[PDB]
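Visitor: This is the structure I have questions about; it appears just below.
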Amino acid sequence: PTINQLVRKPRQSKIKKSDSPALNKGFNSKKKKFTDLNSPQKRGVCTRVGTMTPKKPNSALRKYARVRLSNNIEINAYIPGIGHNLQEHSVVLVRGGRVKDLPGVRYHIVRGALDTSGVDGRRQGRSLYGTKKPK
Amino acid sequence: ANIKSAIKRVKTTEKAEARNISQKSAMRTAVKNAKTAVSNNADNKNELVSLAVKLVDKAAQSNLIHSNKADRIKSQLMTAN
Amino acid sequence: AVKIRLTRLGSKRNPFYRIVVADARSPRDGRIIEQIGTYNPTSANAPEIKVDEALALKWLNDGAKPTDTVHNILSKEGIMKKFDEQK
Amino acid sequence: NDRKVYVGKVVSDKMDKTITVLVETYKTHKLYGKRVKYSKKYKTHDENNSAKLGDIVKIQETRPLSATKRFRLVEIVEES
RNA sequence: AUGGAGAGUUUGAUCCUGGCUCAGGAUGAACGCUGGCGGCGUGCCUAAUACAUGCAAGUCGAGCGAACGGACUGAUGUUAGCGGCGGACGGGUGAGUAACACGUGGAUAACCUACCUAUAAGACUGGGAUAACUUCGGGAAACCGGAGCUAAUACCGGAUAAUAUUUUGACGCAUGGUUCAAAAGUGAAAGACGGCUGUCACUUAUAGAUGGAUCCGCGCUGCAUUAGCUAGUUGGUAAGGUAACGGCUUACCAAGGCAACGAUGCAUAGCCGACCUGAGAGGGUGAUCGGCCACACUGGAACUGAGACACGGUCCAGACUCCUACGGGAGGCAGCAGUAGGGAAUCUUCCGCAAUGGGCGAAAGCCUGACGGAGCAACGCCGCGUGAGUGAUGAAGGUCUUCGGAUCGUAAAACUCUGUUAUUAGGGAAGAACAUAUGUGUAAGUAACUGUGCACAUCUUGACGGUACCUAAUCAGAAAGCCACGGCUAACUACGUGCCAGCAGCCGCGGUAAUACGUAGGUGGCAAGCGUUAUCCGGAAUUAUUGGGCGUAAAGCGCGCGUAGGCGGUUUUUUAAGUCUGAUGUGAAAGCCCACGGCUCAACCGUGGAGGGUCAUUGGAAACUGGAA
């Protein structure tokens, strides 16, 4: 635009909508209010453990878990790895990162953490997927 | 709480309050009497005014009122006189 | 009141001091009025000291009161001597 | 010392011993650099209210008079 | 000149447009796997949630009365108290606050200021009490109330005293100013010394310094699907009171005042120096350090005081928690540790006043969870390690194999070699300058002396800490892991599975011959760290001022008339608001950059510059923009 049009109407940049919104909100049990926190991870309770069919191009039974976080927020989280020991009423640690196939899963359950075991036979890539150094 | 210095400071505060309020009460009585005598031009206006100026400056020395407040009262009294 | 004192400017076990005119109520490493000089007590052998003369004698005449060791520092430059000469 | 002086235009004389002086000045834009005209209204004291709406007058600051006025009328130069 | 990199992805194929994603740098980070050391830092970002328990503000017996108590008349203590000063500092937190709160620049001829400094004038004369103590009562504590005594630098009354107030004459609007010549009325202390005086208590005036207070220009979040806001509101006149101006408050007048240049309202937020990112312009942020502000369980109020409407002060209300003989009482960690709770997440219920700073004191000293140090945590930055020289890129063993070999690989034994580290066994800093005391002179003032200021040299002391650090022996021994290897993007093979199990940032892979899944070898990237997640800038010219566009990709209002605003033909004269060029003042310090110096280097530290403003005042220029003719 012209300089005068810019002076009257300064340029407005676009706002950035962030992924993993449920990690950006805290809770205050005393005031019954939601806060803004920007947490790396959040801890929740598994209210449902099951398996989800993936998007159309792919075909594989993917394990997931419905997790109610520390907030009053109920999200769906992926379970990386082969074997998992999670049933209902399991405390998990949930990080960011979505699954492309699974529609409605925007988070990942951290393996090898509070009440979540690692992958039994993992030998290369043990930082991810939990599990300690064999021998 | 109750630090030893604080517990004593309460006793010396009421002690100073009792002495202070008696003195300004006497001052304010004199000031009211002085300006009411000036208004009707009584025969005793002059020493009542002098009694008020005396008590006003005595309290301003005791930090009961500020010095600048004493002049406003004093200036008011002698101007009407 | 106004005090001529030392402000710590050193790291762990390596203190450096500035000779500063500051109010007594101010924090040690906080608000100041004027910087006068420096004091390094950990230099090679003798503690190297640097003091200005015009401002130091200006604040002393204005009623600034040196602390115990600023007195020593001002004495090693004869500042307290010349302050005494002008009675 | 010196108290600041402004020259503006009388835009209100509906109050006694008080006029409103419009001191228009210029402020550049931080980003684009264009100078934009902006105006500021000053409430000034004048015991003898000889200023009438439309006069350019001389204004100098002073101690607080009333809740808003901080200026006095120094010189009236226009007629309108 | 010191500074600017792209790539993948729409199609049968292409060029555009356009979005998405990745490669970089960061954090008070958390999580996963690992983990040797040191030095500098950093460490509840959430519940301004609730707090068990310890400490965080006392000092002066040279101000003075003790039942004082008591060496030996009684040194010394403060048992306890009156009195003075301090408790308004220091420390903590960011709830509230969109405001002259904060930054910057000014103004106050509308202002207060204890201690500190200097100059003067002084410090006269009397009086009555009361703490403490004794003895009676109450009350469950907390405490409270009677009598009888006693001091003070405690309190009160007179004397005298200013530039204090009233009336008098001799500028920048409210004026300021210092002479005059009258009136009223305003003080004080003693203590410990020496031969009358010294010191440090005092009182009154001045100034200075310091610390506060108020006002103003400019700057400083989002929302217009928040458009009309206010009625002490806005101005005036009186009065009051405030350190001080002022609707600050109250009466009476008038109807005023602000607002598309965003009144008001709503939501959010402590502000700044500064930090991160970027080539820059900019964008994001407001941990630690420093300046300002506000707050102290929530909410009102005042007292004392120079200064508070007061974190470890008072009164009241409220919500909690505790005691009670039920009438009544006590409490406030957003001080340092620490506990419970919330959370992904953030530490010892430590040592010392040895240094610096602060309070009080003549000082010795006392207090100081300020501070100086230790404890824990790879949380970060920096530095050093975990071995080296020769030695067959052949043992034996894995993995492939074209079965010939190849690769791990000079890697290993193998000999020599070192001790950074580690162990033990001896030395062992700096930080220390003092204050006081002691002597010695000098200066001022002294009748003189004591005493004070100054000059010198003596004596003293360290938490850290037997800790840095050094020196001897001894051993390669006790010291590496993490992630990747399809392309972006450095690193490929075999086996297992067979659109399953699973991987994935995107393109996507996996359906019996996956360099994309799991494992094994090898490789590569880093390394006491390596990856993942969370958030910001970049790349993004993807808000384009620098630096984009609107024929068909998104975008010209259906078209006029027009108001504010924005812009505006040629010449001359003038002005100087912009513009340009100087000079002053300031833009604190700490930060960034440059240089230099000290830690064995570095991190780090310290010095000196530089830089930083729509800044203020004041000259100069007059082409352009602006004003006037």
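Visitor: Round to the nearest 0.05 the FRET efficiency obtained for C:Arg25 and D:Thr25 when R0 = 45 Å and r is the Cβ-Cβ distance.
Guide: The computed FRET efficiency comes out at 0.60.
Visitor: Then there's this: Calculate the all-directions average of the projected area of chain A's alpha-carbon convex hull, and give it in nm².
Guide: Mean shadow area of the hull around the Cα atoms is 13.9 nm².
Visitor: Expressed as a rounded percentage, what relative contact order does chain C have, with Cα pairs under 8 Å and six or more residues apart?
Guide: Rounded, it is 26 percent for chain C.
Visitor: Counting only other residues whose beta carbon sits under 13 Å from that of D:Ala51, what net charge do I get with K and R as +1, D and E as -1?
Guide: So the surrounding residues net to -1.
Visitor: Can you give the FRET efficiency for B:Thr79 and D:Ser50, using 1/(1 + (r/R0)^6), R0 = 30 Å, r = Cβ-Cβ distance, to the nearest 0.05?
Guide: Working from the Cβ atoms, E equals 0.35.
Visitor: Test of understanding: in a Gaussian network model of chain D with alpha carbons linked when under 10 Å, which of D:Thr28, D:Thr44, D:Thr62 would top the mean-square fluctuation ranking?
Guide: D:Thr28
Visitor: What percentages make up the Cα-Cα pair-distance distribution of the protein assembly as shown when the bins are 10 Å wide from 0?
Guide: The distribution over the protein assembly as shown is 4, 11, 8, 8, 14, 18, 16, 12, 7, 3, 1, 0, given as percents.
Visitor: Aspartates and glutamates near B:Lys24 by alpha-carbon distance under 17 Å, same-chain residues fewer than 8 away left out - which ones?
Guide: B:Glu14, B:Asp57, B:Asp71
Visitor: What average number of partner chain Cβ atoms lie no more than 10 Å from the Cβ of the residues making up A:3-11?
Guide: That average works out to 3.
Visitor: Set the bar at 24 Å for Cα to Cα. Now go through A:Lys42/A:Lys135; A:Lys9/D:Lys37; A:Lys17/D:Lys27; A:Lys14/D:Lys30; A:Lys9/D:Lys27 and name every pair that lies beyond it.
Guide: A:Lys42/A:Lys135; A:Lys17/D:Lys27
Visitor: Then there is this: With Cβ to Cβ distances under 12 Å as the rule, what net charge do the other residues near D:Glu75 carry (K, R +1; D, E -1)?
Guide: That sum, taken over residues with Cβ under 12 Å, equals -1.
Visitor: Then there is this: Which one of B:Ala34, B:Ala52, B:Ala42 has the biggest mean-square fluctuation once chain B is modelled by GNM with Cα springs under 10 Å?
Guide: Maximum fluctuation in the GNM of chain B, among the listed residues, is at B:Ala42.
Visitor: Let me ask something else. Per the Kirkwood formula on distinct C-alpha pairs, the Rh of the stretch D:13-80 is how many angstrom?
Guide: Across the stretch D:13-80, the inverse of the average 1/r is 13.2 Å.
Visitor: Given the convex hull of the Cα atoms of chain C, what is a quarter of its surface area in nm²?
Guide: Over all viewing directions, chain C projects a mean Cα-hull area of 5.8 nm².
Visitor: Given the rule -39500 (n - 2.57) for each run of at least 4 DSSP H residues, summed and divided by the residues of the protein assembly as shown, what is its mean residue ellipticity at 222 nm, to the nearest 500 deg cm²/dmol?
Guide: After summing the helix terms and dividing by residue count, I get -8000 deg cm²/dmol.
Visitor: Run the numbers for A:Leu6 and A:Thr53: contour at 0.36 nm per residue of separation, minus the present Cα-Cα distance, in nm.
Guide: 11.8 nm
Visitor: GNM, chain A, Cα, under 10 Å: largest mean-square fluctuation among A:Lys56, A:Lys14, A:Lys33?
Guide: Among A:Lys56, A:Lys14, A:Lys33, the largest GNM mean-square fluctuation belongs to A:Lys14.
Visitor: Could you line up A:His108, B:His66 from fewest to most neighbouring Cβ atoms inside 10 Å?
Guide: Exposure proxy ranking, most exposed first: B:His66, A:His108.
Visitor: If I take every Cα pair under 8 Å that is 6 or more residues apart in chain A, average their sequence separation and divide by the length, what percent do I get for the relative contact order?
Guide: Relative contact order comes out at 19 percent.
Visitor: For chain B, divide the Cα radius of gyration by the Kirkwood radius and give the resulting Rg/Rh value with two decimals.
Guide: Ratio value, two decimals: 1.19.
Visitor: What is the list of residues in the stretch D:9-35 whose amide nitrogen lies under 20 Å from a point 7 angstrom out from the Cα of D:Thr62, following Cα to Cβ?
Guide: D:9-23
Visitor: Tell me the net charge near A:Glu74. Cut-off is 11 Å between Cβ atoms, A:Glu74 excluded, with +1 for each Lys or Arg and -1 for each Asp or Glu.
Guide: Every neighbour counted, the sum reads +3.
Visitor: Given a cut-off of under 8 Å on Cα pairs at least six residues apart, what relative contact order in percent is computed for chain D?
Guide: It rounds to 31 percent for chain D.
No lab work stands behind these numbers, since they all come straight from the coordinates. When we count neighbours, we look across all protein chains shown, and the Cβ atoms used for this are built from the backbone with ideal geometry, even at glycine.
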